[PDB]
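For reference, the chain that follows is the form deposited in one PDB entry, supplied as C-alpha coordinates.
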(Lines give C-alpha, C1' and ligand atoms only; values in the text may rest on other atoms or scores of the structure.)
Protein backbone atom coordinates (compact mmCIF):
# COMPACT_ATOMS: atom_id res chain seq x y z
CA UNK A 1 0.00 0.00 0.00
CA UNK A 2 2.60 2.53 1.11
CA UNK A 3 4.91 0.36 -1.01
CA UNK A 4 3.29 2.02 -4.03
CA UNK A 5 3.58 5.56 -2.67
CA UNK A 6 7.29 5.01 -2.03
CA UNK A 7 7.75 3.58 -5.54
CA UNK A 8 5.62 6.30 -7.17
CA UNK A 9 7.25 9.16 -5.26
CA UNK A 10 10.70 8.05 -6.44
CA UNK A 11 9.47 7.61 -10.03
CA UNK A 12 7.89 11.14 -9.71
CA UNK A 13 11.30 12.69 -9.52
CA UNK A 14 13.26 10.62 -11.99
CA UNK A 15 11.93 12.22 -15.16
CA UNK A 16 13.09 14.08 -18.28
CA UNK A 17 11.72 17.66 -18.63
CA UNK A 18 8.67 17.08 -20.87
CA UNK A 19 7.24 14.04 -19.07
CA UNK A 20 4.12 15.06 -17.14
CA UNK A 21 5.01 12.73 -14.27
CA UNK A 22 3.49 15.28 -11.87
CA UNK A 23 -0.03 14.66 -13.20
CA UNK A 24 0.80 10.93 -13.38
CA UNK A 25 1.61 10.76 -9.67
CA UNK A 26 -1.73 12.43 -8.88
CA UNK A 27 -3.77 10.06 -11.04
CA UNK A 28 -1.87 7.05 -9.65
CA UNK A 29 -2.39 7.95 -5.95
CA UNK A 30 -6.06 8.89 -6.37
CA UNK A 31 -6.59 5.67 -8.33
CA UNK A 32 -5.12 3.67 -5.43
CA UNK A 33 -7.05 5.44 -2.66
CA UNK A 34 -10.52 5.37 -4.25
CA UNK A 35 -9.82 1.86 -5.61
CA UNK A 36 -10.89 2.97 -9.09
CA UNK A 37 -11.41 0.50 -11.93
CA UNK A 38 -9.70 2.56 -14.64
CA UNK A 39 -6.29 4.19 -14.71
CA UNK A 40 -5.93 6.74 -17.52
CA UNK A 41 -2.38 8.01 -18.09
CA UNK A 42 -2.79 8.71 -21.79
CA UNK A 43 -1.17 11.76 -23.44
CA UNK A 44 1.32 12.53 -20.63
CA UNK A 45 4.63 12.19 -22.56
CA UNK A 46 5.65 9.39 -20.21
CA UNK A 47 8.82 7.49 -21.09
CA UNK A 48 8.36 4.86 -18.35
CA UNK A 49 5.63 3.67 -16.01
CA UNK A 50 6.15 2.64 -12.37
CA UNK A 51 4.40 -0.27 -10.64
CA UNK A 52 0.69 -0.07 -11.22
CA UNK A 53 -2.35 -0.06 -8.88
CA UNK A 54 -3.26 -3.70 -8.31
CA UNK A 55 -7.06 -3.51 -8.53
CA UNK A 56 -7.49 -1.80 -11.92
CA UNK A 57 -9.48 -3.45 -14.70
CA UNK A 58 -8.77 -0.85 -17.44
CA UNK A 59 -5.30 0.47 -18.31
CA UNK A 60 -5.40 3.39 -20.75
CA UNK A 61 -1.91 4.62 -21.62
CA UNK A 62 -2.15 5.45 -25.32
CA UNK A 63 -0.13 8.30 -26.85
CA UNK A 64 2.91 8.36 -24.58
CA UNK A 65 6.54 7.42 -25.27
CA UNK A 66 6.78 4.08 -23.46
CA UNK A 67 9.38 1.52 -24.46
CA UNK A 68 8.32 -1.05 -21.86
CA UNK A 69 5.43 -1.64 -19.56
CA UNK A 70 5.75 -2.67 -15.91
CA UNK A 71 4.23 -5.95 -14.70
CA UNK A 72 0.54 -5.92 -15.42
CA UNK A 73 -1.90 -6.23 -12.49
CA UNK A 74 -3.82 -9.52 -12.38
CA UNK A 75 -7.34 -8.07 -12.78
CA UNK A 76 -6.77 -6.19 -16.04
CA UNK A 77 -9.55 -6.69 -18.58
CA UNK A 78 -8.73 -3.91 -21.11
CA UNK A 79 -5.35 -2.50 -22.10
CA UNK A 80 -5.03 0.42 -24.53
CA UNK A 81 -1.33 0.99 -25.26
CA UNK A 82 -1.51 2.07 -28.89
CA UNK A 83 0.80 4.84 -30.11
CA UNK A 84 3.84 4.27 -27.92
CA UNK A 85 7.27 2.94 -28.86
CA UNK A 86 6.79 -0.41 -27.16
CA UNK A 87 9.33 -3.03 -28.20
CA UNK A 88 7.66 -5.91 -26.34
CA UNK A 89 5.00 -6.75 -23.84
CA UNK A 90 5.24 -8.38 -20.39
CA UNK A 91 3.23 -11.46 -19.44
CA UNK A 92 -0.52 -10.90 -19.96
CA UNK A 93 -2.92 -11.45 -17.03
CA UNK A 94 -5.27 -14.37 -17.35
CA UNK A 95 -8.20 -11.93 -17.15
CA UNK A 96 -7.16 -9.92 -20.22
CA UNK A 97 -10.04 -9.58 -22.67
CA UNK A 98 -9.09 -6.67 -24.96
CA UNK A 99 -5.59 -5.65 -25.99
CA UNK A 100 -4.88 -2.69 -28.25
CA UNK A 101 -1.18 -2.16 -28.92
CA UNK A 102 -1.27 -0.89 -32.50
CA UNK A 103 1.34 1.63 -33.73
CA UNK A 104 4.21 0.42 -31.60
CA UNK A 105 7.44 -1.39 -32.49
CA UNK A 106 6.57 -4.82 -31.17
CA UNK A 107 8.55 -7.60 -32.83
CA UNK A 108 6.83 -10.56 -31.07
CA UNK A 109 3.73 -10.99 -28.99
CA UNK A 110 3.79 -12.90 -25.68
CA UNK A 111 1.64 -15.94 -25.00
CA UNK A 112 -2.01 -14.98 -25.56
CA UNK A 113 -4.21 -15.79 -22.55
CA UNK A 114 -7.41 -17.84 -22.64
CA UNK A 115 -9.93 -15.02 -22.15
CA UNK A 116 -8.67 -12.68 -24.89
CA UNK A 117 -11.48 -11.73 -27.31
CA UNK A 118 -10.14 -8.64 -29.17
CA UNK A 119 -6.56 -8.22 -30.36
CA UNK A 120 -5.73 -5.01 -32.24
CA UNK A 121 -2.05 -4.87 -33.05
CA UNK A 122 -1.62 -3.18 -36.43
CA UNK A 123 1.42 -1.12 -37.47
CA UNK A 124 3.98 -3.09 -35.48
CA UNK A 125 6.84 -5.33 -36.64
CA UNK A 126 5.40 -8.78 -36.01
CA UNK A 127 6.94 -11.54 -38.13
CA UNK A 128 5.00 -14.29 -36.35
CA UNK A 129 1.84 -14.62 -34.28
CA UNK A 130 1.48 -16.88 -31.22
CA UNK A 131 -1.28 -19.48 -31.22
CA UNK A 132 -4.70 -17.92 -30.97
CA UNK A 133 -6.85 -18.42 -27.89
CA UNK A 134 -10.24 -20.10 -28.19
CA UNK A 135 -12.53 -17.07 -27.57
CA UNK A 136 -10.85 -14.64 -29.99
CA UNK A 137 -13.51 -12.65 -31.86
CA UNK A 138 -11.51 -9.86 -33.56
CA UNK A 139 -7.93 -9.98 -34.87
CA UNK A 140 -6.38 -6.89 -36.47
CA UNK A 141 -2.76 -7.34 -37.57
CA UNK A 142 -2.62 -5.18 -40.68
CA UNK A 143 0.68 -3.54 -41.63
CA UNK A 144 3.17 -5.89 -39.97
CA UNK A 145 5.78 -8.29 -41.42
CA UNK A 146 3.72 -11.46 -41.14
CA UNK A 147 4.94 -14.29 -43.35
CA UNK A 148 2.55 -16.96 -42.08
CA UNK A 149 -0.51 -17.21 -39.87
CA UNK A 150 -1.42 -19.74 -37.17
CA UNK A 151 -4.76 -21.57 -37.57
CA UNK A 152 -7.88 -19.64 -36.65
CA UNK A 153 -9.96 -20.36 -33.53
CA UNK A 154 -13.56 -21.23 -34.32
CA UNK A 155 -15.25 -18.12 -32.94
CA UNK A 156 -13.22 -15.56 -34.93
CA UNK A 157 -15.57 -13.00 -36.52
CA UNK A 158 -13.34 -10.23 -37.79
CA UNK A 159 -9.95 -10.78 -39.37
CA UNK A 160 -7.88 -7.90 -40.70
CA UNK A 161 -4.47 -8.83 -42.19
CA UNK A 162 -3.93 -6.26 -44.96
CA UNK A 163 -0.41 -5.29 -45.97
CA UNK A 164 1.58 -8.28 -44.75
CA UNK A 165 3.51 -11.02 -46.59
CA UNK A 166 1.15 -13.96 -46.06
CA UNK A 167 1.49 -16.63 -48.73
CA UNK A 168 -1.08 -19.14 -47.49
CA UNK A 169 -4.29 -18.56 -45.64
CA UNK A 170 -5.47 -21.21 -43.12
CA UNK A 171 -9.05 -22.40 -43.22
CA UNK A 172 -11.65 -19.74 -42.33
CA UNK A 173 -14.23 -20.65 -39.69
CA UNK A 174 -17.88 -20.28 -40.52
CA UNK A 175 -18.05 -17.67 -37.74
CA UNK A 176 -16.04 -15.18 -39.84
CA UNK A 177 -18.06 -12.29 -41.23
CA UNK A 178 -15.27 -9.83 -42.02
CA UNK A 179 -12.08 -10.98 -43.78
CA UNK A 180 -9.83 -8.08 -44.80
CA UNK A 181 -6.89 -9.73 -46.56
CA UNK A 182 -5.65 -7.18 -49.13
CA UNK A 183 -2.08 -6.66 -50.32
CA UNK A 184 -0.52 -9.96 -49.30
CA UNK A 185 1.12 -12.71 -51.36
CA UNK A 186 -1.79 -15.14 -51.76
CA UNK A 187 -1.95 -17.08 -55.04
CA UNK A 188 -4.83 -19.33 -53.91
CA UNK A 189 -7.68 -19.20 -51.41
CA UNK A 190 -8.81 -21.89 -48.96
CA UNK A 191 -11.95 -23.69 -50.15
CA UNK A 192 -13.69 -22.62 -46.92
CA UNK A 193 -13.87 -19.00 -48.13
CA UNK A 194 -16.73 -20.07 -50.39
CA UNK A 195 -18.52 -21.72 -47.43
CA UNK A 196 -18.89 -18.49 -45.44
CA UNK A 197 -22.29 -16.92 -44.89
CA UNK A 198 -23.81 -15.18 -47.90
CA UNK A 199 -23.50 -11.73 -46.32
CA UNK A 200 -19.87 -12.09 -45.18
CA UNK A 201 -17.41 -9.41 -46.25
CA UNK A 202 -14.32 -10.76 -48.04
CA UNK A 203 -11.64 -8.58 -49.65
CA UNK A 204 -8.58 -10.23 -51.23
CA UNK A 205 -7.69 -7.43 -53.66
CA UNK A 206 -4.02 -6.82 -54.13
CA UNK A 207 -3.11 -10.47 -54.00
CA UNK A 208 -1.57 -12.24 -57.05
CA UNK A 209 -4.27 -14.87 -57.39
CA UNK A 210 -3.29 -17.42 -60.04
CA UNK A 211 -5.27 -18.02 -63.20
CA UNK A 212 -6.52 -21.40 -62.01
CA UNK A 213 -7.74 -19.86 -58.76
CA UNK A 214 -9.57 -17.17 -60.74
CA UNK A 215 -11.24 -19.62 -63.15
CA UNK A 216 -12.15 -21.93 -60.24
CA UNK A 217 -13.78 -19.11 -58.29
CA UNK A 218 -15.52 -17.79 -61.43
CA UNK A 219 -17.16 -21.18 -62.13
CA UNK A 220 -18.42 -21.66 -58.53
CA UNK A 221 -19.62 -18.13 -57.78
CA UNK A 222 -21.62 -17.99 -61.03
CA UNK A 223 -23.28 -21.34 -60.33
CA UNK A 224 -27.06 -20.99 -60.13
CA UNK A 225 -27.30 -22.02 -56.46
CA UNK A 226 -24.15 -20.29 -55.15
CA UNK A 227 -24.88 -19.31 -51.57
CA UNK A 228 -21.41 -18.20 -50.53
CA UNK A 229 -20.21 -14.64 -50.03
CA UNK A 230 -19.29 -11.87 -52.41
CA UNK A 231 -15.51 -11.70 -52.85
CA UNK A 232 -13.69 -8.50 -53.80
CA UNK A 233 -10.37 -8.64 -55.57
CA UNK A 234 -8.28 -6.99 -58.25
CA UNK A 235 -6.10 -7.55 -61.27
CA UNK A 236 -3.19 -5.45 -62.45
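Definition used throughout: the rigid core is the maximal C-alpha set that superposes within 1.5 Å between two forms. Residue numbers count along the first chain shown, from 1.
- Between 174-182 and 25-33, it is 25-33 that carries the larger average Cα temperature factor according to the deposited entry.
- Two stretches are in play, 13-21 and 224-232, and the higher mean C-alpha B-factor belongs to 13-21.
- In this structure the maximum Cα B-factor among 49, 196, 61, 202 is found at 49.
- For residue 130, the recorded CA temperature factor ranks within the lowest third of the chain's modelled residues.
- When the modelled residues of the chain are ordered by their C-alpha B factor, residue 123 lands in the lowest third.
- Per the deposited record, the Cα B-factor of residue 73 falls in the highest third when ranked against the other modelled residues of its chain.
- Sort the chain's modelled residues by C-alpha temperature factor and residue 82 lands in the lowest third, per the entry.
- Ranked by Cα temperature factor within the chain, residue 207 sits in the lowest third according to the deposited record.
This next part talks about the form deposited with a partner chain bound, which is not shown.
- Using a 4.5 angstroms threshold between heavy atoms, residue 55 stays clear of its partner chain in the deposited bound form.
- In the deposited bound form, its partner chain stays beyond 4.5 Å of every heavy atom belonging to residue 195.
- Its partner chain is not drawn, but in the deposited bound form it has no heavy atom within 4.5 Å of residue 69.
- At the 4.5 Å threshold, heavy atoms of residue 178 reach its partner chain in the deposited bound form.
- The candidate stretches are 168-176, 199-207, 31-39, 47-55, and the one lying within 4.5 Å of its partner chain in the deposited bound form by heavy atoms is 199-207.
- Core-based superposition between the shown form and the other one shows that, of 22, 222, 16, 9, only 222 has its Cα displaced by 2 Å or more.
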